[PDB]
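Peer 1: Structure supplied as model-v3.cif; contents: mmCIF, C-alpha atoms and all ligand atoms.
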```
data_upload
loop_
_atom_site.label_atom_id
_atom_site.label_comp_id
_atom_site.auth_asym_id
_atom_site.auth_seq_id
_atom_site.Cartn_x
_atom_site.Cartn_y
_atom_site.Cartn_z
CA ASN F 46 -14.29 3.94 -24.86
CA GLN F 47 -10.60 4.27 -25.78
CA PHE F 48 -9.92 3.34 -22.15
CA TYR F 49 -10.97 0.72 -19.64
CA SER F 50 -11.08 0.66 -15.91
CA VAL F 51 -9.56 -1.87 -13.57
CA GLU F 52 -9.30 -2.19 -9.79
CA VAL F 53 -5.71 -2.47 -8.56
CA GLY F 54 -5.90 -2.40 -4.74
CA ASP F 55 -7.80 0.69 -3.59
CA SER F 56 -7.14 2.97 -6.64
CA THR F 57 -8.85 2.42 -10.04
CA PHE F 58 -6.58 2.26 -13.15
CA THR F 59 -8.36 3.55 -16.19
CA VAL F 60 -5.91 3.26 -19.20
CA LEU F 61 -5.54 2.91 -22.95
CA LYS F 62 -6.92 -0.53 -24.00
CA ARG F 63 -3.46 -1.22 -25.52
CA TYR F 64 -2.38 -1.76 -21.86
CA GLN F 65 -3.27 -5.30 -20.63
CA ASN F 66 -2.79 -7.52 -17.58
CA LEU F 67 -1.98 -4.75 -15.12
CA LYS F 68 -0.01 -5.95 -12.06
CA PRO F 69 0.81 -3.64 -9.13
CA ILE F 70 4.64 -3.14 -8.74
CA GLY F 71 7.42 -1.44 -6.77
CA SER F 72 7.06 0.76 -3.67
CA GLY F 73 3.89 2.88 -3.80
CA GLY F 76 2.13 6.89 -6.87
CA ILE F 77 0.81 3.54 -7.91
CA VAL F 78 2.73 1.95 -10.62
CA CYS F 79 1.58 -1.13 -12.55
CA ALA F 80 3.49 -3.38 -14.92
CA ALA F 81 1.49 -4.06 -18.05
CA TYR F 82 1.75 -5.55 -21.46
CA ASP F 83 1.69 -2.95 -24.34
CA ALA F 84 -0.26 -4.72 -27.21
CA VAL F 85 0.72 -2.03 -29.57
CA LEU F 86 4.43 -1.89 -28.93
CA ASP F 87 4.43 -5.64 -27.97
CA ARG F 88 6.50 -5.09 -24.80
CA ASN F 89 6.10 -4.66 -21.10
CA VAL F 90 5.77 -1.21 -19.56
CA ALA F 91 5.33 0.36 -16.19
CA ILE F 92 2.50 2.84 -15.84
CA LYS F 93 2.25 5.37 -13.02
CA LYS F 94 -1.06 7.06 -12.03
CA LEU F 95 -0.72 10.58 -10.78
CA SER F 96 -3.99 11.36 -8.89
CA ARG F 97 -4.91 15.05 -9.10
CA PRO F 98 -1.35 16.17 -9.31
CA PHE F 99 -2.41 19.79 -9.26
CA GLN F 100 -3.88 19.39 -5.78
CA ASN F 101 -1.19 21.31 -3.79
CA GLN F 102 1.81 23.58 -4.95
CA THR F 103 4.25 20.76 -3.97
CA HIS F 104 2.85 17.88 -5.93
CA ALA F 105 2.09 20.40 -8.75
CA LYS F 106 5.45 22.17 -9.19
CA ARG F 107 7.20 18.80 -9.34
CA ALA F 108 4.85 17.15 -11.75
CA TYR F 109 4.81 20.16 -14.00
CA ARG F 110 8.55 20.47 -13.75
CA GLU F 111 9.23 16.81 -14.39
CA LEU F 112 6.89 16.62 -17.38
CA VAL F 113 8.61 19.70 -18.94
CA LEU F 114 12.05 18.26 -18.22
CA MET F 115 11.33 14.84 -19.61
CA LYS F 116 10.30 16.36 -22.87
CA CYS F 117 13.79 18.02 -23.19
CA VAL F 118 16.45 15.42 -22.07
CA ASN F 119 17.41 12.23 -24.01
CA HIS F 120 20.00 9.81 -22.85
CA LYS F 121 19.86 6.09 -22.25
CA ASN F 122 20.68 6.44 -18.55
CA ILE F 123 17.77 8.83 -17.97
CA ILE F 124 14.06 8.07 -18.08
CA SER F 125 12.01 8.57 -21.18
CA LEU F 126 8.27 8.39 -21.25
CA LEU F 127 6.71 6.20 -23.91
CA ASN F 128 3.37 7.82 -23.37
CA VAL F 129 1.59 10.37 -21.26
CA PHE F 130 -2.18 10.39 -21.21
CA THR F 131 -5.37 11.19 -19.24
CA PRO F 132 -8.66 9.49 -19.71
CA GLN F 133 -10.59 12.73 -18.93
CA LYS F 134 -11.76 14.58 -21.92
CA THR F 135 -11.86 18.17 -20.82
CA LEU F 136 -9.94 20.45 -18.55
CA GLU F 137 -13.02 20.81 -16.27
CA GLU F 138 -13.14 17.07 -16.03
CA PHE F 139 -9.33 16.65 -15.63
CA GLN F 140 -8.27 14.49 -12.64
CA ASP F 141 -5.40 12.03 -13.47
CA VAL F 142 -2.16 11.82 -15.56
CA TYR F 143 -0.73 8.34 -16.45
CA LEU F 144 3.05 8.12 -17.25
CA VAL F 145 4.24 5.12 -19.24
CA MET F 146 7.84 3.87 -19.46
CA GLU F 147 9.69 0.63 -20.28
CA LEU F 148 9.29 -2.00 -17.57
CA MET F 149 12.58 -2.53 -15.92
CA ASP F 150 13.65 -5.39 -13.79
CA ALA F 151 14.42 -4.03 -10.30
CA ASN F 152 15.25 -0.81 -8.46
CA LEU F 153 18.58 -0.16 -6.90
CA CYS F 154 17.36 -0.74 -3.31
CA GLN F 155 17.12 -4.43 -4.29
CA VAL F 156 20.47 -4.48 -6.20
CA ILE F 157 22.02 -3.06 -2.95
CA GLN F 158 20.96 -6.08 -0.94
CA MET F 159 22.86 -8.36 -3.37
CA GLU F 160 26.59 -9.18 -3.69
CA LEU F 161 27.87 -7.70 -6.90
CA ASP F 162 31.23 -8.24 -8.54
CA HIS F 163 33.36 -5.30 -9.52
CA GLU F 164 32.44 -5.43 -13.21
CA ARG F 165 28.78 -4.96 -12.32
CA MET F 166 29.28 -2.44 -9.52
CA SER F 167 31.67 -0.16 -11.60
CA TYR F 168 29.31 -0.44 -14.60
CA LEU F 169 26.20 0.62 -12.59
CA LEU F 170 28.23 3.52 -11.12
CA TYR F 171 29.56 4.42 -14.59
CA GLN F 172 25.98 4.71 -15.99
CA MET F 173 24.79 6.74 -12.97
CA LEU F 174 27.72 9.17 -13.73
CA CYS F 175 26.76 9.29 -17.44
CA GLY F 176 23.26 10.21 -16.61
CA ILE F 177 24.41 12.82 -14.05
CA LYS F 178 26.88 14.38 -16.73
CA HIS F 179 23.98 14.49 -19.08
CA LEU F 180 21.66 16.34 -16.65
CA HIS F 181 24.40 18.75 -15.69
CA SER F 182 24.96 19.30 -19.47
CA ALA F 183 21.30 20.37 -19.64
CA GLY F 184 21.59 22.59 -16.63
CA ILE F 185 19.92 20.18 -14.23
CA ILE F 186 21.64 19.57 -10.87
CA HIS F 187 19.57 16.69 -9.34
CA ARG F 188 20.48 17.07 -5.69
CA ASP F 189 18.23 14.19 -4.45
CA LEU F 190 19.51 11.05 -6.14
CA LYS F 191 18.56 7.97 -4.24
CA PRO F 192 18.33 4.26 -5.07
CA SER F 193 14.48 4.03 -5.09
CA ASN F 194 14.49 6.35 -8.20
CA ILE F 195 17.10 4.33 -10.00
CA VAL F 196 16.24 1.12 -11.85
CA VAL F 197 18.09 -1.68 -13.52
CA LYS F 198 17.76 -4.39 -16.13
CA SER F 199 19.09 -7.92 -15.88
CA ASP F 200 21.72 -6.96 -18.41
CA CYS F 201 22.90 -4.36 -15.81
CA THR F 202 21.64 -1.38 -17.86
CA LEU F 203 20.58 1.46 -15.54
CA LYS F 204 18.28 4.47 -15.59
CA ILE F 205 17.66 7.37 -13.26
CA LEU F 206 13.98 8.13 -13.12
CA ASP F 207 13.58 11.63 -11.56
CA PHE F 208 15.07 15.17 -11.77
CA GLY F 209 15.48 15.98 -8.12
CA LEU F 210 14.87 19.29 -6.30
CA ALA F 211 13.93 22.62 -8.00
CA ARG F 212 15.33 25.94 -6.87
CA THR F 213 12.95 26.26 -3.85
CA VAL F 224 8.42 10.13 4.98
CA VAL F 225 10.89 11.62 2.49
CA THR F 226 14.29 9.85 2.42
CA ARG F 227 17.09 12.33 3.18
CA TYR F 228 20.03 9.87 3.73
CA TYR F 229 21.74 10.60 0.29
CA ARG F 230 21.66 14.44 0.37
CA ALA F 231 24.92 16.32 0.36
CA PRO F 232 26.09 18.35 3.37
CA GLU F 233 25.47 21.37 1.18
CA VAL F 234 21.79 20.37 1.00
CA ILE F 235 21.70 19.23 4.64
CA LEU F 236 23.22 22.60 5.67
CA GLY F 237 21.73 25.27 3.32
CA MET F 238 25.10 25.93 1.65
CA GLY F 239 25.16 26.95 -1.93
CA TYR F 240 26.21 24.10 -4.30
CA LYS F 241 27.59 23.17 -7.69
CA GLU F 242 27.45 20.08 -9.94
CA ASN F 243 29.54 17.87 -7.63
CA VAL F 244 26.65 17.96 -5.03
CA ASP F 245 25.38 14.79 -6.79
CA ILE F 246 28.84 13.03 -6.49
CA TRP F 247 28.13 12.92 -2.74
CA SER F 248 24.87 10.94 -3.42
CA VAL F 249 26.80 8.59 -5.77
CA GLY F 250 29.20 7.97 -2.90
CA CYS F 251 26.41 7.17 -0.36
CA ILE F 252 25.01 4.72 -2.86
CA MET F 253 28.42 3.23 -3.66
CA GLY F 254 29.17 2.76 0.03
CA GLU F 255 25.86 1.11 0.73
CA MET F 256 26.47 -1.38 -2.23
CA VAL F 257 29.71 -2.25 -0.34
CA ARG F 258 28.45 -2.06 3.38
CA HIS F 259 24.80 -3.10 2.42
CA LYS F 260 23.52 -0.61 5.05
CA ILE F 261 22.53 3.10 4.81
CA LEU F 262 25.74 5.14 5.54
CA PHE F 263 24.20 8.24 7.07
CA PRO F 264 20.83 7.45 8.58
CA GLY F 265 18.71 9.44 11.07
CA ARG F 266 15.28 10.82 12.01
CA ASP F 267 16.17 14.34 10.86
CA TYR F 268 19.19 16.17 9.55
CA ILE F 269 20.58 16.65 13.08
CA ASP F 270 20.89 12.94 13.41
CA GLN F 271 22.10 12.57 9.85
CA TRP F 272 24.79 15.20 10.37
CA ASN F 273 26.00 13.34 13.43
CA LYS F 274 26.26 10.04 11.63
CA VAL F 275 28.30 11.94 9.01
CA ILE F 276 30.93 13.81 11.06
CA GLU F 277 31.57 10.81 13.30
CA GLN F 278 32.38 8.48 10.40
CA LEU F 279 34.24 11.12 8.43
CA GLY F 280 35.31 13.56 11.08
CA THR F 281 34.43 17.10 11.90
CA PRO F 282 35.42 19.21 8.87
CA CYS F 283 37.25 22.56 8.98
CA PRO F 284 38.08 26.29 8.26
CA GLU F 285 37.48 26.96 4.52
CA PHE F 286 34.37 24.73 4.84
CA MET F 287 32.75 26.56 7.77
CA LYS F 288 33.01 30.08 6.21
CA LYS F 289 30.78 29.06 3.37
CA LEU F 290 28.22 28.33 6.12
CA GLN F 291 25.79 30.98 7.32
CA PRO F 292 26.86 32.22 10.76
CA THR F 293 23.96 30.44 12.48
CA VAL F 294 24.49 27.00 10.82
CA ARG F 295 28.23 27.80 11.17
CA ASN F 296 27.40 28.33 14.81
CA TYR F 297 25.51 24.94 15.32
CA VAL F 298 28.18 23.17 13.15
CA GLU F 299 31.17 24.90 14.93
CA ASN F 300 29.74 23.90 18.40
CA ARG F 301 29.03 20.29 17.45
CA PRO F 302 30.58 17.38 19.62
CA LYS F 303 33.74 16.43 17.73
CA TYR F 304 35.12 13.48 15.73
CA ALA F 305 38.54 12.61 14.38
CA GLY F 306 36.63 10.28 12.05
CA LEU F 307 37.75 7.04 10.42
CA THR F 308 40.14 6.48 7.49
CA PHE F 309 38.60 4.65 4.54
CA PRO F 310 40.23 1.29 5.28
CA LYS F 311 38.39 1.28 8.71
CA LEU F 312 35.21 2.68 7.13
CA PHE F 313 35.26 0.05 4.30
CA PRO F 314 37.35 -3.00 5.36
CA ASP F 315 38.55 -5.62 2.88
CA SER F 316 36.12 -8.28 4.11
CA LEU F 317 33.41 -6.39 2.23
CA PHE F 318 35.17 -6.81 -1.05
CA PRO F 319 35.80 -9.46 -3.59
CA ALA F 320 39.46 -10.03 -2.79
CA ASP F 321 40.29 -13.65 -3.98
CA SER F 322 42.31 -12.87 -7.13
CA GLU F 323 44.92 -10.22 -7.86
CA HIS F 324 42.37 -8.49 -10.22
CA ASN F 325 39.89 -8.40 -7.32
CA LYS F 326 42.44 -7.12 -4.81
CA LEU F 327 43.35 -4.31 -7.08
CA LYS F 328 39.73 -3.49 -7.94
CA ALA F 329 39.02 -3.29 -4.23
CA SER F 330 41.79 -0.77 -3.65
CA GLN F 331 40.53 1.28 -6.65
CA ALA F 332 37.02 1.13 -5.27
CA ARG F 333 38.14 2.47 -1.95
CA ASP F 334 40.17 5.24 -3.60
CA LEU F 335 36.92 6.40 -5.36
CA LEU F 336 34.82 6.18 -2.24
CA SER F 337 37.43 8.23 -0.42
CA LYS F 338 37.10 10.97 -3.05
CA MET F 339 33.33 10.93 -3.36
CA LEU F 340 32.49 10.92 0.35
CA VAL F 341 34.17 14.17 1.16
CA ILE F 342 32.32 16.78 3.23
CA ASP F 343 33.76 19.93 1.74
CA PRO F 344 32.57 20.14 -1.89
CA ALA F 345 35.74 22.11 -2.67
CA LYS F 346 37.83 19.03 -2.14
CA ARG F 347 35.20 16.52 -3.48
CA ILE F 348 35.86 14.95 -6.93
CA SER F 349 33.84 16.29 -9.87
CA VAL F 350 31.76 14.18 -12.29
CA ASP F 351 34.38 14.44 -15.09
CA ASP F 352 37.18 13.36 -12.89
CA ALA F 353 35.06 10.54 -11.42
CA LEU F 354 34.43 9.33 -15.03
CA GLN F 355 38.30 9.20 -15.44
CA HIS F 356 38.84 7.29 -12.28
CA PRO F 357 40.49 3.90 -12.96
CA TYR F 358 37.56 2.03 -11.24
CA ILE F 359 35.18 3.73 -13.60
CA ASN F 360 37.02 4.47 -16.85
CA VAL F 361 37.18 0.84 -18.13
CA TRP F 362 33.64 1.47 -19.44
CA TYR F 363 34.49 4.92 -20.72
CA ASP F 364 32.85 5.74 -23.95
CA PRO F 365 32.75 9.21 -25.59
CA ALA F 366 29.54 7.63 -26.89
CA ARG F 383 6.46 30.71 -9.78
CA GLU F 384 3.65 30.34 -7.24
CA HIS F 385 0.32 29.19 -8.78
CA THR F 386 -3.18 28.46 -7.60
CA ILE F 387 -4.59 24.94 -7.89
CA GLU F 388 -6.78 26.08 -10.82
CA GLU F 389 -3.60 27.52 -12.51
CA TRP F 390 -1.57 24.32 -11.89
CA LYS F 391 -4.26 22.12 -13.35
CA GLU F 392 -4.37 24.05 -16.73
CA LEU F 393 -0.57 24.00 -16.95
CA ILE F 394 -0.38 20.32 -16.25
CA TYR F 395 -3.37 19.60 -18.43
CA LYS F 396 -1.68 21.46 -21.33
CA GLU F 397 1.69 19.61 -20.98
CA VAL F 398 -0.32 16.37 -21.01
CA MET F 399 -2.35 17.34 -24.14
CA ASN F 400 0.74 19.09 -25.55
CA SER F 401 -1.33 22.14 -26.43
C1 LIG M 501 10.37 -3.06 -11.12
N1 LIG M 501 10.43 -2.34 -12.41
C2 LIG M 501 10.13 -1.04 -12.59
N2 LIG M 501 10.20 -0.50 -13.81
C3 LIG M 501 9.95 0.76 -13.98
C4 LIG M 501 9.49 1.65 -13.01
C5 LIG M 501 9.34 1.04 -11.74
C6 LIG M 501 8.79 1.63 -10.61
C7 LIG M 501 8.19 0.76 -9.68
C8 LIG M 501 7.58 1.36 -8.57
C9 LIG M 501 7.55 2.73 -8.44
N3 LIG M 501 8.09 3.52 -9.38
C10 LIG M 501 8.67 2.99 -10.40
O1 LIG M 501 9.15 3.79 -11.31
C11 LIG M 501 9.14 5.16 -11.38
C12 LIG M 501 9.94 5.91 -10.52
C13 LIG M 501 10.75 5.23 -9.40
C14 LIG M 501 9.97 7.29 -10.66
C15 LIG M 501 9.28 7.91 -11.69
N4 LIG M 501 9.47 9.22 -11.75
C16 LIG M 501 8.49 10.09 -11.79
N5 LIG M 501 8.52 11.20 -12.54
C17 LIG M 501 7.35 11.81 -12.29
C18 LIG M 501 6.79 13.01 -12.80
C19 LIG M 501 5.53 13.44 -12.35
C20 LIG M 501 4.88 12.62 -11.38
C21 LIG M 501 5.40 11.42 -10.91
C22 LIG M 501 6.65 11.03 -11.35
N6 LIG M 501 7.38 9.96 -11.08
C23 LIG M 501 8.48 7.15 -12.58
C24 LIG M 501 7.73 7.71 -13.62
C25 LIG M 501 6.90 6.91 -14.40
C26 LIG M 501 6.85 5.55 -14.26
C27 LIG M 501 7.60 4.98 -13.21
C28 LIG M 501 8.40 5.76 -12.40
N7 LIG M 501 9.67 -0.26 -11.62
#
```
Using structure tokens, write down the structure that the file contains.
Peer 2:
Amino acid sequence: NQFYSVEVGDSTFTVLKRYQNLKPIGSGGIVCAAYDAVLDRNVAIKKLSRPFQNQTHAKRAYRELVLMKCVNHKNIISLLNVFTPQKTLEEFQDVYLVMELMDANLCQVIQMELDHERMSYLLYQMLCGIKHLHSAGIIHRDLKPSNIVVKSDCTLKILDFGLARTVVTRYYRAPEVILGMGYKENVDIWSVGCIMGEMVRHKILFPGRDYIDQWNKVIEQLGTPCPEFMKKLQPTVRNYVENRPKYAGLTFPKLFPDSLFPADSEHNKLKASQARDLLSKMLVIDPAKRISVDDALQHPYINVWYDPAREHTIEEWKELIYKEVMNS
């Protein structure tokens, strides 16, 4: 065989022989770290089991495999390999995706104290990869720290492409997503802001069981929004939103007090006021008054790094995915 099988928990990994010493990693698809004998480096390998098995898993796999092909930027995932060990379409079950092994995801980086050089630099790279997607027509709309990974040198990559045009973690989705609104590119600034605020506060900013709950955590930290905002709502969401129990909401100093920041030197004191300025501009309900990607990249906190630089059947999904895999 070109391949070999190995038990890793309950699933079997069956992979190119070039992949050795599989170790289960991260939160799960099952992903294993492995040594690539051929490239002589470490990789992470994800097993998709029968991705074509329902229209949801299938649309997203298909979509993400087509989009990876396209895209090419250091802040955005690239596959080193895509393979299946099954030899025919009729036999086809599993797709394996191989990428460079990184050091940690951003959920773990969040738990740490980070200085301003590292926090601005992570945020800078997130904004570079978002610019890049938007350049290729992709508006992510579901950025979240579990899909973002980091190296020890603080280099960052975003690993997914978000929603299409059609327990899942909803805490980082923009009001325009939460509310059915219509959106533009700066929808993803709102997710950068949730992430930025949780690196500062070390706790999820807008939690809840459902969107109801999430909305309430939002308006009561930030205040009920207003007029121009509402009329871009559909009358029935406008109705639930307009008859919501009201908040004045907190200013950003109360929301993000100094005690959270490095504040020992004059450099740090300044950096902390810059950081709060950015937060204040990213975590803005109405996307009309929310900062864009370009302007965020020009923000003084950020710019120190600046560098110019259909519906298918199962059977139908399987052939499409199979073909992307084989490239045919
Ligand atoms: C600790 N170091 C480290 N290094 C690299 C990866 C991970 C990691 C750990 C546990 C869970 N997932 C992880 O990574 C991934 C994520 C989060 C998302 C992806 N996106 C994706 N794109 C798909 C397209 C179709 C189907 C599934 C997909 N899954 C990955 C694709 C490939 C390989 C890893 C991915 N961890």
Peer 1: Could you tell me which of F:186, F:353, F:113, F:340 comes closest to residue 395 in chain F if we count only C-alpha atoms?
Peer 2: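 Among F:186, F:353, F:113, F:340, it is F:113 that comes nearest to residue 395 in chain F.
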Peer 1: Would you list the contacts of residue 180 in chain F as a PDB file with C-alpha atoms, in the coordinates of the input, taking every protein, DNA or RNA residue within 10 Å and counting all atoms listed in the file, but skipping same-chain residues closer than 5 positions in sequence?
Peer 2:
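To be explicit, this is the file written out as selection-v4.pdb:
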```
ATOM      1  CA  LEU F 114      12.050  18.260 -18.220  1.00  0.00           C
ATOM      2  CA  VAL F 118      16.450  15.420 -22.070  1.00  0.00           C
ATOM      3  CA  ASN F 119      17.410  12.230 -24.010  1.00  0.00           C
ATOM      4  CA  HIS F 120      20.000   9.810 -22.850  1.00  0.00           C
ATOM      5  CA  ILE F 123      17.770   8.830 -17.970  1.00  0.00           C
ATOM      6  CA  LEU F 174      27.720   9.170 -13.730  1.00  0.00           C
ATOM      7  CA  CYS F 175      26.760   9.290 -17.440  1.00  0.00           C
ATOM      8  CA  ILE F 185      19.920  20.180 -14.230  1.00  0.00           C
ATOM      9  CA  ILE F 186      21.640  19.570 -10.870  1.00  0.00           C
ATOM     10  CA  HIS F 187      19.570  16.690  -9.340  1.00  0.00           C
ATOM     11  CA  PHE F 208      15.070  15.170 -11.770  1.00  0.00           C
ATOM     12  CA  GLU F 242      27.450  20.080  -9.940  1.00  0.00           C
TER      13      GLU F 242
END
```
Peer 1: Just checking: using only C-alpha atoms, which residue out of F:386, F:400, F:59, F:248 ends up closest to residue 336 in chain F?
Peer 2: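 Closest to residue 336 in chain F, using only C-alpha atoms: F:248.
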Peer 1: Under the rule that only C-alpha atoms and all ligand atoms are counted, which of F:352, F:233, F:111, F:343 is the nearest residue to ligand LIG 501 (chain M)?
Peer 2: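 Of F:352, F:233, F:111, F:343, the one nearest ligand LIG 501 (chain M) is F:111, counting only C-alpha atoms and all ligand atoms.
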Peer 1: Find, counting all atoms listed in the file, the residue in F:257, F:342, F:238, F:142 that gets nearest to residue 288 in chain F.
Peer 2: F:238
Peer 1: Using all atoms listed in the file, which residues sit within 6 Å of residue 359 in chain F once same-chain residues fewer than 3 positions away are excluded, as a ChimeraX atom specification?
Peer 2: /F:167,171,354,356
Peer 1: Considering all atoms listed in the file, can you say which of F:270, F:150, F:351, F:160 comes closest to ligand LIG 501 (chain M)?
Peer 2: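 Result for the nearest residue to ligand LIG 501 (chain M): F:150.
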Peer 1: Excluding residue 261 in chain F and any residue of its chain fewer than 6 positions from it, enumerate the residues within 12 Å of it, using all atoms listed in the file, and give them as an mmCIF file with C-alpha atoms, in the coordinates of the input.
Peer 2:
```cif
data_model
loop_
_atom_site.group_PDB
_atom_site.id
_atom_site.type_symbol
_atom_site.label_atom_id
_atom_site.label_comp_id
_atom_site.auth_asym_id
_atom_site.auth_seq_id
_atom_site.Cartn_x
_atom_site.Cartn_y
_atom_site.Cartn_z
ATOM 1 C CA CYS F 154 17.360 -0.740 -3.310
ATOM 2 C CA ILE F 157 22.020 -3.060 -2.950
ATOM 3 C CA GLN F 158 20.960 -6.080 -0.940
ATOM 4 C CA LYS F 191 18.560 7.970 -4.240
ATOM 5 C CA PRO F 192 18.330 4.260 -5.070
ATOM 6 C CA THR F 226 14.290 9.850 2.420
ATOM 7 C CA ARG F 227 17.090 12.330 3.180
ATOM 8 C CA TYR F 228 20.030 9.870 3.730
ATOM 9 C CA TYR F 229 21.740 10.600 0.290
ATOM 10 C CA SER F 248 24.870 10.940 -3.420
ATOM 11 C CA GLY F 250 29.200 7.970 -2.900
ATOM 12 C CA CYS F 251 26.410 7.170 -0.360
ATOM 13 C CA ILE F 252 25.010 4.720 -2.860
ATOM 14 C CA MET F 253 28.420 3.230 -3.660
ATOM 15 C CA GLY F 254 29.170 2.760 0.030
ATOM 16 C CA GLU F 255 25.860 1.110 0.730
ATOM 17 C CA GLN F 271 22.100 12.570 9.850
ATOM 18 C CA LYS F 274 26.260 10.040 11.630
ATOM 19 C CA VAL F 275 28.300 11.940 9.010
#
```
Peer 1: Please measure the separation of CA of residue 103 in chain F and CA of residue 398 in chain F, giving the value in Å to one decimal.
Peer 2: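 A separation of 18.2 Å between them.
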Peer 1: Can you find the residues with an atom no farther than 10 Å from (-5.0, -1.4, -15.3), counting all atoms listed in the file, and report them as a short mmCIF file (atom, residue, chain, number, x, y, z; two decimals) with C-alpha atoms, keeping the file's coordinate frame?
Peer 2:
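What landed in result.cif:
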```
data_model
loop_
_atom_site.label_atom_id
_atom_site.label_comp_id
_atom_site.auth_asym_id
_atom_site.auth_seq_id
_atom_site.Cartn_x
_atom_site.Cartn_y
_atom_site.Cartn_z
CA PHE F 48 -9.92 3.34 -22.15
CA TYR F 49 -10.97 0.72 -19.64
CA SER F 50 -11.08 0.66 -15.91
CA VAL F 51 -9.56 -1.87 -13.57
CA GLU F 52 -9.30 -2.19 -9.79
CA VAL F 53 -5.71 -2.47 -8.56
CA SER F 56 -7.14 2.97 -6.64
CA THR F 57 -8.85 2.42 -10.04
CA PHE F 58 -6.58 2.26 -13.15
CA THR F 59 -8.36 3.55 -16.19
CA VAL F 60 -5.91 3.26 -19.20
CA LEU F 61 -5.54 2.91 -22.95
CA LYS F 62 -6.92 -0.53 -24.00
CA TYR F 64 -2.38 -1.76 -21.86
CA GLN F 65 -3.27 -5.30 -20.63
CA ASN F 66 -2.79 -7.52 -17.58
CA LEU F 67 -1.98 -4.75 -15.12
CA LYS F 68 -0.01 -5.95 -12.06
CA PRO F 69 0.81 -3.64 -9.13
CA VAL F 78 2.73 1.95 -10.62
CA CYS F 79 1.58 -1.13 -12.55
CA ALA F 80 3.49 -3.38 -14.92
CA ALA F 81 1.49 -4.06 -18.05
CA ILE F 92 2.50 2.84 -15.84
CA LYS F 94 -1.06 7.06 -12.03
#
```
Peer 1: Name the residues, by chain letter and number, that sit within 8 Å of ligand LIG 501 (chain M) using all atoms listed in the file, and give them as JSON, numbers by chain.
Peer 2: {"F": [70, 71, 72, 73, 76, 77, 78, 79, 80, 90, 91, 92, 93, 94, 95, 98, 104, 107, 108, 109, 110, 111, 112, 124, 126, 144, 145, 146, 147, 148, 149, 150, 151, 152, 193, 194, 195, 196, 197, 206, 207, 208]}
Peer 1: Output C-alpha atoms for every residue in that selection, as a compact mmCIF listing (two decimals), keeping the file's coordinate frame.
Peer 2:
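Final output, result06.txt:
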```txt
# COMPACT_ATOMS: atom_id res chain seq x y z
CA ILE F 70 4.64 -3.14 -8.74
CA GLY F 71 7.42 -1.44 -6.77
CA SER F 72 7.06 0.76 -3.67
CA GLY F 73 3.89 2.88 -3.80
CA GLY F 76 2.13 6.89 -6.87
CA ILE F 77 0.81 3.54 -7.91
CA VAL F 78 2.73 1.95 -10.62
CA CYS F 79 1.58 -1.13 -12.55
CA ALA F 80 3.49 -3.38 -14.92
CA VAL F 90 5.77 -1.21 -19.56
CA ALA F 91 5.33 0.36 -16.19
CA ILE F 92 2.50 2.84 -15.84
CA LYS F 93 2.25 5.37 -13.02
CA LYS F 94 -1.06 7.06 -12.03
CA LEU F 95 -0.72 10.58 -10.78
CA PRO F 98 -1.35 16.17 -9.31
CA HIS F 104 2.85 17.88 -5.93
CA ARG F 107 7.20 18.80 -9.34
CA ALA F 108 4.85 17.15 -11.75
CA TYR F 109 4.81 20.16 -14.00
CA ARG F 110 8.55 20.47 -13.75
CA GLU F 111 9.23 16.81 -14.39
CA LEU F 112 6.89 16.62 -17.38
CA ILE F 124 14.06 8.07 -18.08
CA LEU F 126 8.27 8.39 -21.25
CA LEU F 144 3.05 8.12 -17.25
CA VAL F 145 4.24 5.12 -19.24
CA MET F 146 7.84 3.87 -19.46
CA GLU F 147 9.69 0.63 -20.28
CA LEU F 148 9.29 -2.00 -17.57
CA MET F 149 12.58 -2.53 -15.92
CA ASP F 150 13.65 -5.39 -13.79
CA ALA F 151 14.42 -4.03 -10.30
CA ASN F 152 15.25 -0.81 -8.46
CA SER F 193 14.48 4.03 -5.09
CA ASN F 194 14.49 6.35 -8.20
CA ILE F 195 17.10 4.33 -10.00
CA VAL F 196 16.24 1.12 -11.85
CA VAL F 197 18.09 -1.68 -13.52
CA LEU F 206 13.98 8.13 -13.12
CA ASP F 207 13.58 11.63 -11.56
CA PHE F 208 15.07 15.17 -11.77
```
Peer 1: For a test of reading the model, state the distance in Å between CA of residue 153 in chain F and CA of residue 360 in chain F, rounded to one decimal.
Peer 2: 21.5 Å
Peer 1: My list of candidates is F:278, F:345, F:295, F:200. Which is closest to residue 308 in chain F when distances are computed with all atoms listed in the file?
Peer 2: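 Smallest distance to residue 308 in chain F is found for F:278.
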